[PDB]
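Presented below is the structure to which this report refers.
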Amino acid sequence: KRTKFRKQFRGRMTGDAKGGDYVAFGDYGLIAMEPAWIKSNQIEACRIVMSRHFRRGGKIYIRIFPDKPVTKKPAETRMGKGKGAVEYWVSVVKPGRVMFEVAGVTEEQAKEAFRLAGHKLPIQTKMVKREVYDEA
Amino acid sequence: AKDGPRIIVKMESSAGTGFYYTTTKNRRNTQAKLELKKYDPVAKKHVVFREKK
Amino acid sequence: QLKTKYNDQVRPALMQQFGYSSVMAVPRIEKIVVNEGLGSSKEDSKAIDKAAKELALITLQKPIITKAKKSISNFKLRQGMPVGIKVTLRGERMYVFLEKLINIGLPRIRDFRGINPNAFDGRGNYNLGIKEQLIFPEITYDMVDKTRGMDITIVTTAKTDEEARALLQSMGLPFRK
Amino acid sequence: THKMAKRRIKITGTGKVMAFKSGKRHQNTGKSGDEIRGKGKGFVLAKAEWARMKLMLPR
Amino acid sequence: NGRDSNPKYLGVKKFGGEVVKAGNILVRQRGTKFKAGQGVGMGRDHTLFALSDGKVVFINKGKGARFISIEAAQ
Amino acid sequence: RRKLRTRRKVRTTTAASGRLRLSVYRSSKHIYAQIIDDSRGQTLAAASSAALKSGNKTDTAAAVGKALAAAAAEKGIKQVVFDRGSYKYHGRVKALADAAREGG
RNA sequence: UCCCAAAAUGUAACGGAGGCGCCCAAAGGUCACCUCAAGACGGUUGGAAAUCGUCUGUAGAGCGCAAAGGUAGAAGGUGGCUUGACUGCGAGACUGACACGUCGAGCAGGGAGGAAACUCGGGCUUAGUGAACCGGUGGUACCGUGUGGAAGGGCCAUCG
RNA sequence: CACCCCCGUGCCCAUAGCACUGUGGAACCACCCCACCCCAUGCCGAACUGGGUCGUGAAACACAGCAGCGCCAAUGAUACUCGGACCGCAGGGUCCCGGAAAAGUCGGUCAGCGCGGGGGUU
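Chains as they are written, first to last, in my numbering: chain A, 342 to 477; chain B, 272 to 324; chain C, 3 to 179; chain D, 1187 to 1245; chain E, 5 to 78; chain F, 1403 to 1506.
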């Protein structure tokens, strides 16, 4: 989740979904249908749940690592700086972007993992199979 | 161009027999004893200037 | 004073064995380089005044104070300051020094069975492991101060290490036996 | 005003105003040689409009 | 903290296919972007100024080096 | 190293000077001593020590100096300046100089 | 100085990061030559880093300082000679409400380097700063109150 | 440019570059040749530099082969967008019209165009 080394602070914007795929790194995968920021802890949630369902593994891939320092108002008011370094880090996610990829388990075994992990998400999602090869 | 207790200096200037003020920034740090250069006075121009004073 | 034994007694011995199309493709020798590491652990601007003497004695040539590389890391290090001594030897002086070693300095050494036979420069050049300085013709305990040592890199026109080893083996290259 | 006479507000024959270059006059020098001769002739006619009025009747 | 969005100025003053005069300032730059070509000088601040009167030649080599020149109009 | 020449070659500014530049190839025993135009991609005078050294070696310097200067005399070339490659302007090249100089 | 700044210039914020109030008798002028960081095998004070050796090497270094731009044909790194860190000037443009500020071919008195073309009116540029006033100081000889002088003042430097 | 070719020097400043490599040898070129003085290497004539042939084309330079690597790179379709209209509480998204990349794929290359001089066609 939270990154190791940086500069400081950030802005915010929304484009299309660029770096990210339909598939890779495994058999099935979950993809975001809605533009958002994803909290580090939210990923930790999807992760931990999917790791609840797969007792053993190494078949879980999260392409979604967040780096976006966000700052929030400390207690109250206005007079003062723009401040508040540590609130949380997020990973902007735009539709089509691959969120999760899991492999080695069944159809159903993917379905449920994605449902549970999906209920932890601020946005819509869906699971798919593979056809297309863009790059390699 | 500010002045005080500090190192270097702004040292005034004059010639052999010729009357002219260069006023250039000198420095006592590495070496300052001879402020000697070649500069050009009122008329003749073409002289050695001892800025030592 | 040598330089002939080079041509006559080396070059054909190669073409007798190797047999290049031409005598210019024959393995040759570019220069002998002498670098005296100083400073750091043992550092005296007086000891450089001392070193330059013995270093200008054996070779009949001036040395040069080599400053630092601006490498500053952890232990004692700086910008620039003499870190060592350098002498390059080409031509008759290269040969005078070299043979002064092969015939004299090398044969008389304590615990000397040869020099390291193993591959040094994969492109066919060579180096030396000189340690004690009491093994030299122009340095004996009659006149001395302390005990240090020197390094010698040997440059050739050789292609591989296999050929150059033989090259040095002409003037002789004592190995581990 | 009546102070500004000998200082240059000075008026020309075309009814223009003489204000040249101030860049360094007395204190604080020791840069170049022609910034020192940077002292000029000069003017602008924007604030020349109400300038003369300081000097008005005594040309 | 924060302070000083700086004025600077820069830009390229006289653009291509423009007829200049001797003494006009063609380019205001910082380093050497635009090298002074034939008919063109470069000040100490690497400003490009005109030696003689004529027309403005722009020369593009793939950048990294490019040239402001002055060719005669007459 | 090979920029030793491009140093002087780029150094000489013809277009601003208006003059013609004088190339000399000092390599060993043969010198080209060509005369080249500022603007156009042409070459004008160009004598050389290539033929008829007649026993001279680096002494042919003065020779191609006179020969060149004479060839350019039949041109109307007066203003010129001296290019070179890696060369030092010391002994031989100074001979080509002074010999193509007095014979301007 | 960079970002915001919406591919011209410009643009606010108690918006986001870092610096200046210096220094340099040369870190300048010119003239000549040298090419860097780094990785790999191989060398006695090494055993990550020292010095040397060869192999690779658009620079991944370097430029007193902060960044961006710039820089391999040098602005980087040694030396020779020197006082252009000049005087009297400005064709013409950048820029500013103004006052300032900036760059600059070229004329002359003259210099310094180079064989020569030629370069030089400080420094790779960009920060290292302050109007007037009152006064200290050197030079020049205009004013100087009946006249001849002086006091005082003025102009060119220049210090606070 | 009648032609082969070598030497100097340009325009073009990587589709003109490196590597694997084959040809060149007494015409040019290169090293090697010796060096008290010119001149000179913070030490070494290695590099400058000064006196010349033999020897050799090895290396360097020169040319020809070669598309492994570099560089060049469509068409198609996008992303985005001036202008014209709109949806959504919002994050954001669409439609009509023009303009229109970046990457990638096809494929294209190992250049091209000058000046001058020297030497060949027994």
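Note that the Cβ used here is the ideal one computed from N, Cα and C, for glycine as well.
For the segment 433-443 of chain A against the segment 398-412 of chain A, are there 3 or more C-beta pairs whose distance is under 8 Å? yes
Worksheet item: For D1500 of chain F, which three-state DSSP category applies?
Response: Taking the first residue of the sixth sequence as 1, we reach residue 1500 of chain F at position 98. Note: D1500 of chain F maps to helix in three-state DSSP.
Would you please verify whether the beta carbon of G1216 of chain D is less than 8 Å from any beta carbon of chain B? Locating residue 1216 of chain D in the fourth sequence gives position 30, counting from the first residue. At least one chain B Cβ lies under 8 Å of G1216 of chain D.
Whether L57 of chain C touches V85 of chain C by CB criterion (8 Å): Looking up residue 57 of chain C in the third sequence gives position 55. Looking up residue 85 of chain C in the third sequence gives position 83. No, the Cβ-Cβ distance between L57 of chain C and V85 of chain C is not below 8 Å.
Start and end residues, beta strand (DSSP E) containing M46 of chain E:
In the fifth sequence, the residue the question calls residue 46 of chain E occupies position 42. Element bounds for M46 of chain E: 44-46.
Q. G45 of chain E to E94 of chain C, Cα distance in whole Å?
A. Counted from its first residue, the fifth sequence places residue 45 of chain E at position 41. Counted from its first residue, the third sequence places residue 94 of chain C at position 92. Each residue's alpha carbon lies about 54 Å from the other.
* Asked: To which residues of the same chain is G43 of chain E closer than 7 Å at the C-beta, ignoring the five residues directly before and after it?
  -> Start at 1 with the first residue of the fifth sequence, and residue 43 of chain E comes out as number 39. These residues qualify, in order along the chain: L55, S56, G58, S73, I74, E75.
Closer than 6 Å by C-beta to residue 191 of chain C: which residues in its own chain qualify, once you throw out the five before and the five after it? Chain order, please.
Past the edges of chain C, shown from 3 to 179, lies residue 191 of chain C, and the structure says nothing about it.
Near-chain D residues of the segment 272-291 of chain B (beta-carbon distance less than 7 Å), N- to C-terminal order: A272, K281
Any beta carbon from chain D within less than 8 Å of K324 of chain B's own beta carbon? Translated into positions along the second sequence, residue 324 of chain B becomes position 53. No, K324 of chain B lies away from the interface with chain D (no Cβ there is under 8 Å from its Cβ).
*Is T158 of chain C near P65 of chain C, with beta carbons less than 8 Å apart?*
Within the third sequence, the letter at position 156 stands for residue 158 of chain C. Within the third sequence, the letter at position 63 stands for residue 65 of chain C. Result no, Cβ atoms of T158 of chain C and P65 of chain C do not sit closer than 8 Å.
Is the number of C-beta pairs between the segment 1474-1483 of chain F and the segment 1421-1438 of chain F that are closer than 8 Å three or more? yes
Discussion item. Would you call the segment 137-146 of chain C in contact with the segment 1187-1200 of chain D, where contact means no fewer than 3 C-beta pairs closer than 8 Å?
Written reply: no
| query | Any beta-carbon of chain D closer than 8 Å to the one on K304 of chain B? | reply | As a first step, residue 304 of chain B is located in the second sequence; it is residue number 33 there, counting from the start. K304 of chain B does not count as touching chain D.
- Per DSSP, which one or two residues make a beta bridge with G41 of chain C? Within the third sequence, numbered from 1, the residue matching residue 41 of chain C stands at position 39. BP columns for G41 of chain C point to C:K44.
> If you draw a straight line from the C-alpha of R92 of chain C to the C-alpha of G1478 of chain F, how long is it?
Replying inline: Your numbering for residue 92 of chain C matches position 90 in the third sequence. Your numbering for residue 1478 of chain F matches position 76 in the sixth sequence. Taking the straight line from one Cα to the other gives about 51 Å.
What are the residues that DSSP puts in a beta bridge with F1484 of chain F? Translated into positions along the sixth sequence, residue 1484 of chain F becomes position 82. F1484 of chain F is bridged to F:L1424.
- If the cut is a Cβ gap below 8 Å, which residues of chain D does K296 of chain B touch? Here residue 296 of chain B is taken as the residue at index 25 of the second sequence, counted from 1. Here the neighbours are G1216.
Note to self: Going by DSSP in three states, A1471 of chain F sits in which element: helix, strand or coil?
What the structure shows: Within the sixth sequence, residue 1471 of chain F is the residue found at index 69, counting from 1. Correct three-state label for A1471 of chain F: helix.
Taking the alpha-carbon of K422 of chain A as reference, which of A:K342, A:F350, A:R343, A:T344 has the nearest alpha-carbon? For the purposes of this step, residue 422 of chain A is taken as the residue at position 81 of the first sequence. Considering only alpha carbons, the answer is A:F350.
Q: Output yes or no for whether 8 Å exceeds the beta carbon distance between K7 of chain C and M96 of chain C.
A: Numbered from its first residue, the third sequence carries residue 7 of chain C at position 5. Numbered from its first residue, the third sequence carries residue 96 of chain C at position 94. No, the Cβ-Cβ distance between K7 of chain C and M96 of chain C is not below 8 Å.
query = Which full runs of the beta strand (DSSP E) of 3+ residues lie inside the segment 111-145 of chain C, going along the chain?
reply = 128-130
Quick check on the burial criterion: 16 or more other C-beta atoms within 10 angstroms. Buried or exposed for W1236 of chain D? Looking up residue 1236 of chain D in the fourth sequence gives position 50. Flag for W1236 of chain D reads exposed.
>> Looking at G1487 of chain F: is its Cβ nearer than 8 Å to the Cβ of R1407 of chain F?
In response: Indexing the sixth sequence from 1 puts residue 1487 of chain F at position 85. Indexing the sixth sequence from 1 puts residue 1407 of chain F at position 5. In contact: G1487 of chain F and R1407 of chain F (Cβ atoms closer than 8 Å).
* Start-to-end residues for the alpha helix (DSSP H) that takes in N9 of chain C -> Sequence index remark: in the third sequence, residue 9 of chain C carries index 7 (1-based). Looking at the DSSP string, the run of the alpha helix (DSSP H) that includes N9 of chain C is 6-19.
- prompt: On the three-state DSSP scale, how would you describe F99 of chain C?
  reply: The residue labelled residue 99 of chain C in the question sits at position 97 within the third sequence. Note: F99 of chain C maps to helix in three-state DSSP.
| message | If you measure between the beta carbons of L59 of chain C and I117 of chain C, is that distance less than 8 Å? | response | Here the question's residue 59 of chain C lines up with position 57 in the third sequence. Here the question's residue 117 of chain C lines up with position 115 in the third sequence. Taking 8 Å as the Cβ cut-off, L59 of chain C and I117 of chain C do not qualify as a contacting pair.
Notebook entry, point to check: What is the DSSP secondary structure of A1232 of chain D, counted as helix, strand or coil?
Noted result: Position 46 of the fourth sequence holds residue 1232 of chain D. Of the three classes helix, strand and coil, the one that applies to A1232 of chain D here is coil, per DSSP.
Helix, strand or coil at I389 of chain A according to DSSP, with G and I counted as helix
Counted from its first residue, the first sequence places residue 389 of chain A at position 48. Helix at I389 of chain A.
* Within 10 angstroms of the Cβ of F53 of chain E, are there 16 or more other Cβ atoms? Answer buried if so, exposed if not. => As a working note, residue 53 of chain E is residue 49 in the fifth sequence. Per the 10 Å Cβ criterion, buried.
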